[PDB]
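Structure at a glance
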Amino acid sequence: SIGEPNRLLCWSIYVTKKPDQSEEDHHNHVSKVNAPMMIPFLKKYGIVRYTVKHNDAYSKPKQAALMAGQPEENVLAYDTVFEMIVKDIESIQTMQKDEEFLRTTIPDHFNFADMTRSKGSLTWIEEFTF
Amino acid sequence: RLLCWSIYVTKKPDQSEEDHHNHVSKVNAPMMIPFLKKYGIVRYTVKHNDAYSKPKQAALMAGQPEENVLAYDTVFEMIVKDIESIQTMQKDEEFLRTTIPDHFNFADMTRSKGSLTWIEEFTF
């Protein structure tokens, strides 16, 4: 019954925006509509931290200057990345079975995500703050 | 707006998972911390997609096509207030002297990627 201790986990979702949609629209929906919607469920299931990472018109010129010289192929091209730190997987498995979470959030994904081109990652992490 | 400098690495093709992640945590990471501190770096997060996380990833993503899995072995995240903090570090000759050759010990540098993003963050 003794087991390897639980390490901090990061659950990350990589979102490509809908083809027709504009960057403004995608990013507005995510920060203004989809984020307030998610906050409640994350609190409830004991998510440590929630980070939304934007690669939009504000970051891309900073990105082009920092990575000048690199081929476009060496850039990760997702419009948004959502990241949730949790202490254990069961937090997120239970939230994925939440009928309320699902009927709320799942149809909203069709307003900003191309699901044929989105990805997920569940990692254990080492974090250092300075 | 805080920024996130993210590097996505696939292990060297003739290297085991065990060795990749051992190298990253024990060799690369203590090499990097001094430089990250010294420049303006706020937070450094190493994410590991190895045999500890993969069974948890599979349980959680059960049913989904394998193509939906992000395939990188390690992901390195640097929070900074400006790109200038990363640039200054990437022109430190002792940083370059030591960290570049170390990349050849863990990363397949044909299949690595970077991203720079601005972040929204809510702590609970």
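Reading the values: the criteria
Residues numbered from 1 in each chain as written, not as in the entry; some residues may be left out. Chains lettered and ligands numbered in written order. Heavy atoms only, no water. UniProt positions renumbered as here; feature names shortened; annotations may be inferred. Helix = DSSP H or I, 4+ residues; strand = E, 2+ residues; numbered from the N terminus. Pairing = 2+ DSSP bridges. Axes fitted to C-alpha atoms, helices over the stretch in contact; angles between N-to-C directions. Contact = heavy atoms within 4.5 Å. Salt bridge = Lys/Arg side-chain N within 4 Å of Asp/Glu carboxyl O. Buried < 20%, exposed > 50% of the residue type's maximum accessible area, 1.4 Å probe, protein only. Buried area = accessible area lost by both parts, 1.4 Å probe. Polar contact = N/O pair within 3.5 Å; in protein donor to acceptor, adjacent residues only side chain to side chain.

Per the PDB entry, chain B is named CTB10, and its organism is Cercospora sp. JNU001. The deposited PDB record carries the title "Crystal structure of Se-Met CTB10". In UniProt, chain B has this text filed under Sequence similarities (unreviewed entry): "Belongs to the tpcK family."

The name given to chain A in the PDB entry is CTB10, with the source organism recorded as Cercospora sp. JNU001.

1. Regarding the UniProt feature "domain: EthD" (unreviewed entry) in chain A
Under the feature "domain: EthD" (unreviewed entry), the UniProt entry names residues 18–115 of chain A. Note that residues 18–115 of chain A is 49% helix and 16% strand, and that its end C-alpha atoms are spaced 9 Å apart.

2. Some words on the sheet that holds strand β4 (residues 113–129) of chain A
Strand order around the closed barrel formed by eight strands is β1(A)-β3(A)-β2(A)-β4(B)-β1(B)-β3(B)-β2(B)-β4(A), with antiparallel pairing between neighbours. Across this sheet, the average inter-strand angle for adjacent strands is 30 degrees, counted without regard to direction. Here helix α3 (residues 89–96) of chain A sits on the sheet in contact with β1 (9–17), β3 (80–86) and β4 of chain A, set at roughly 120 degrees to β3(A).

3. Description of the pattern of salt bridges
In total, this model carries 16 salt bridges over all chains according to the counting rule given. Between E121(B) and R43(B) there is a salt bridge; the shortest N-O distance is 2.9 Å. Highlighted residues: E121(B) in strand β4 (residues 107–123) and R43(B) in strand β2 (residues 43–48), separated in sequence by 78 residues. Looking at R43(B), the relative accessible area reads 12%, which means it is buried. Among the salt bridges present, the one from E77(B) reaches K47(B), with a minimum N-O distance of 3.5 Å. Of this pair, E77(B) sits in strand β3 (residues 74–80) while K47(B) sits in strand β2, placing them 30 residues apart in sequence. Classification of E77(B) by relative accessible area gives buried; the value is 4%. In this structure, a network of salt bridges that share partners links the residues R49(A), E127(A), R43(B) and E121(B).

4. Some remarks on the interface of chain B and chain A
Tallying the contact residues gives 52 residues for chain B and 53 residues for chain A. Three residues, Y52(B), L60(B) and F124(B), lead the burial of chain B against chain A; their summed loss comes to 17% of the area buried on that side. Summed over the shared surface of chain B and chain A, the result is four salt bridges. Across the pair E77(B) and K53(A) runs a salt bridge whose closest N-O atoms are separated by 2.9 Å. The interface formed by chain B and chain A includes 31 residue pairs in polar contact. Taken together, the elements giving at least two residues each to the side of chain B that touches chain A come down to β1 (3–11), α1 (17–38), β2, α2 (54–61), α3 (84–89) and β4 of chain B.

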